[PDB]
Amino acid sequence: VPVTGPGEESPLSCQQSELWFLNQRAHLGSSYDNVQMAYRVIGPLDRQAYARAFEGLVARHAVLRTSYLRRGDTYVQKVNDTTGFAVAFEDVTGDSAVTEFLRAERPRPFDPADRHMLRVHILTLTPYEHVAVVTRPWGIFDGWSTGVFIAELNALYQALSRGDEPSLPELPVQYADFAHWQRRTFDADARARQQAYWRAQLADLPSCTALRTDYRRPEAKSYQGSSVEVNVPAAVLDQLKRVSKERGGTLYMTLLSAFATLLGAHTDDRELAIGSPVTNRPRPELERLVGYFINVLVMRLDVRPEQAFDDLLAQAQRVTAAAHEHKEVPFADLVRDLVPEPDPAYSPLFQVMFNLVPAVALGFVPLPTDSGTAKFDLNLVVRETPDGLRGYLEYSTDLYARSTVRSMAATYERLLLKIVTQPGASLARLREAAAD
Amino acid sequence: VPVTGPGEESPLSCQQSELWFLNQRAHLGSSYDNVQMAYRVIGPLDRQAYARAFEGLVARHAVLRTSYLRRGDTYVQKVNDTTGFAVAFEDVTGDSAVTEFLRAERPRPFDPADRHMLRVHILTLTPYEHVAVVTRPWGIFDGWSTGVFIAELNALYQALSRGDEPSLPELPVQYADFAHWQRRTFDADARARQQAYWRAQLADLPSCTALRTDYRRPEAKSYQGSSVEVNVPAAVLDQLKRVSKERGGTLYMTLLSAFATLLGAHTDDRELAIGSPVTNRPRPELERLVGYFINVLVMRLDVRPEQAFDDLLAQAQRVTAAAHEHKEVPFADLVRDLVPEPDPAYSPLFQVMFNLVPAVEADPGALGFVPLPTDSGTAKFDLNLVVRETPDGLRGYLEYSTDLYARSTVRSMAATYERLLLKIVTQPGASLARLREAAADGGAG
């Protein structure tokens, strides 16, 4: 319900506890974590109409035009009018020039006091070829919001180029209203209950995972990394979705179990802590908004090699269900409460992350950009697509070489198929089968 | 003379005003400016002997073992012992893996209160090939100190490889003794005089150059950049030296004049502010130390197109001669005095830098060295020409900000510079405009 008026300051969210400037690193830089999205537009493009489409898209969503102010010991979010935003134009010749311009564009600092958290550039190569550049800092909005952003941009441009009136569904509630609703629902009791549950669940947990690396762990993390591509065919993904249904779980649980089985071949521990970002949209009005609804949970999973993968999958389902009940407490609070002094050589409470994002005339070709960053030792971000299962494995170059991570992705691809074919075997047998 | 005892606190020298923790940037990080020196050691290397040679350097050179501790609103240098230093050994298979390892290791932080201010990695590739990574923060030692460091490393390694003992010339003084002398060798008057000279010399100057760029200038500098190669034949260098000695100047003056003439084709200002780093080692004792002895001086040149090149050469001689007499006050102090509020769009007090690196001065089973190209993709200035003298001619690169320039424009600028040098060689008394239009015969790139 609307509980926000003009000139009123709203608090933050549980998922807004790690935007980009609440996780500052001294040796890395404030803007090392910016998110840049670039597209190539093909065909006769009404450039002014496309700029107006971006203007209207910014004016439609209030997260793209919200500021952050320091009120004593805490911060508040304020909504600004779309006045001031403008799409910048530049004539660029060649692909290498575009790449160099993008590399120069991404690390430009964003400020908490910025009126707009977005930077839009249209690069004019030819009268028929253009490049659209979208840049934001970390913690602004997630992949769901990105798909909504792109779809609404395309619709509004199509409705505005040929002099028509744009027609898009009205957004029922604002993000600030959602934060206000969560504040009054989650004040002091459920927070304490979830914190106690995570304290008891994550008890007697090692501070770090004894994962074997190619290079010695430095006394301080550099957070420089790369990524390698992982691809799963559509038939294997369909078979995974089928085998997940028979066990009463979802595809995310099966894929997380596969990731846990992958990591047991490089560690001697029996308990693996795998972080995982999960969507928290507990209302019908939130499936359409643009914003950050993602929170991080640690999956404490027993990885004894002698247990059959069915038992592992059931244990993973139970752990996810128990964590899905306690997904409201921010991960930063858990880290600061359970690790008072973080060792600068590794990431707190887990060193491996798994992510699964749900499935989402001019021609559009996305421009891949490698940020060259790694917040964890490993990070799996996989996507659901009509032609299969596509994603990347983000690794740290302090500890790992490229070849080992590529082999890890390949054996993960083999492991998914081996799980599909023979789910009745144990983890040791599964890894032995996937060794070849 | 040595006036320092063990475990005694010492003040900071003038060239130490720019190490890393007094020139931090919020969005760049603490370790964006780390100087990674990497080179390939080819042939049979005694890896443990090489590590012992680096340790002997750390023991010999107290700068590589000095800590920096805050005492109030300043910093002091305390010379720790040689205990603690060790060489990290890693096994790397592949040059792309080496490049990724270098990119990851370079931004690893250094602490002001560390016991040793260098990281040495002997990346093992094959039994007869190695990569020696000497990563240090900015301001630890400079190019001349880099040459001294490399020569002493070679001497120590050649002494320790076989069953011999180290035999190196004894160092009469230490950098702490140099700092004590430098703080003694003024009565609060030299700083005032040099500050007054530099504030009077740069007065009535634009806060930024009106140079033409391919792209519009962003609100904040991204500090990303690239470079293009500059190459000059040996004969052209010899003729340039002949012209310089005929006119009563040096090679640096002629190259700076040529650089200023090149920049006139891309601007409408009648004056140019060009920054340049210079060596300050005013003692025979300091000529073989390891340390930081570089200050940055800015050269102001008039580039009106109706004047002959000889007038520009004379003006360059005058300004360079006057600059070397006032090369003690740090450039950071000049920036603080003359620039109250810096603009994040451009570098302060100058956006073009010209650098002339001083020149650097046989067993069957010796080792070969190949300096790995360390292009960090950083740019502190809009344009940065860095050249050095070699027996094969003149070598260097032209560093440009990627926020403003495409590669083709800077490549055309480099070609125009190399053509203008030859035009100057073959035409002594031409005019600036005539030289520019003669050097423009590049066929539009």
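Every heavy atom of this structure was used, including side-chain atoms; hydrogens, water molecules and symmetry mates were not. Just so it is clear: chains get the letters A, B, ... in the order the sequence lines come, proteins before strands, and each one is counted from 1.
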Undergrad: Side chains of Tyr417(B) and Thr261(B): do they bring a donor and an acceptor to under 3.5 Å?
TA: no

Undergrad: Among residues at least two apart in sequence or on other chains, which ones pass side chain to side chain contact (heavy atoms under 4.5 Å, CB included) with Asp177(B)?
TA: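 Side chain to side chain contact (heavy atoms under 4.5 Å, CB included) check on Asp177(B) returns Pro2(B), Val3(B), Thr4(B), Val173(B), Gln174(B).
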
Undergrad: For salt bridge (charged side-chain N to carboxylate O under 4.0 Å, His left out), just list the numbers for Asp81(A) and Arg115(A), CA-CA rounded to whole Å, side-chain angles, deciding distance to a tenth of an Å, and then say yes or no.
TA: CA-CA 8 Å; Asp81(A) 59 311; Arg115(A) 293 188 69 267; 2.9 Å; yes

Undergrad: With a 4.5 Å heavy-atom cut-off, do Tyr175(B) and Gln77(B) have their side chains touching?
TA: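 Side-chain contact under 4.5 Å: yes.
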
Undergrad: Given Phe381(B), which of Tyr223(B), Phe350(B), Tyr346(B) fulfils the ring pair (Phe, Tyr, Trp, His ring centres under 6.0 Å) condition?
TA: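 Result for ring pair (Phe, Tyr, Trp, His ring centres under 6.0 Å) with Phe381(B): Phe350(B).
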
Undergrad: Please tell me if the side chains of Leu28(A) and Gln224(A) come closer than 4.5 Å, counting only heavy atoms from C-beta onward.
TA: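 Contact flag for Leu28(A)/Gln224(A) side chains = yes.
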
Undergrad: Consider ring pair (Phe, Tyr, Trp, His ring centres under 6.0 Å). Of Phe110(B), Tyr32(B), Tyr68(B), which one does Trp20(B) pass it with?
TA: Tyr68(B)

Undergrad: Are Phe178(B) and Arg283(B) packed together at the side-chain level, in the sense that at least one heavy-atom pair is separated by less than 4.5 angstrom?
TA: no

Undergrad: Report yes if the side chains of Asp333(B) and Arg336(B) come closer than 4.5 Å at any heavy-atom pair, otherwise no.
TA: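 Touching, per the 4.5 Å side-chain cut-off.
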
Undergrad: Taking all atoms of both residues into account, what is the closest heavy-atom pair of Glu287(B) and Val148(B), and its distance?
TA: O-CG2, 4.2 Å

Undergrad: Enumerate, atom names and distances included, each donor-acceptor pair closer than 3.5 Å involving a side-chain atom of residues 99-108 of chain A, sequence neighbours excluded.
TA:
from	atom 1	to	atom 2	distance (Å)
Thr99(A)	OG1	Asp95(A)	O	3.1
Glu100(A)	OE2	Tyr400(B)	OH	2.9
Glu105(A)	OE1	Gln36(A)	NE2	2.5
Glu105(A)	OE1	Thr135(A)	OG1	2.6
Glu105(A)	OE2	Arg119(A)	NE	2.6
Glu105(A)	OE2	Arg119(A)	NH2	3.4
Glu105(A)	OE2	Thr135(A)	OG1	3.4
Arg108(A)	NE	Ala104(A)	O	3.4
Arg108(A)	NE	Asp403(B)	OD1	3.3
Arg108(A)	NH2	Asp403(B)	OD1	2.9

Undergrad: Can you tell if the side chain of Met353(B) reaches within under 4.5 Å of the side chain of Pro277(B), non-hydrogen atoms only?
TA: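 They are in contact (side-chain heavy atoms under 4.5 Å apart), so the answer is yes.
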
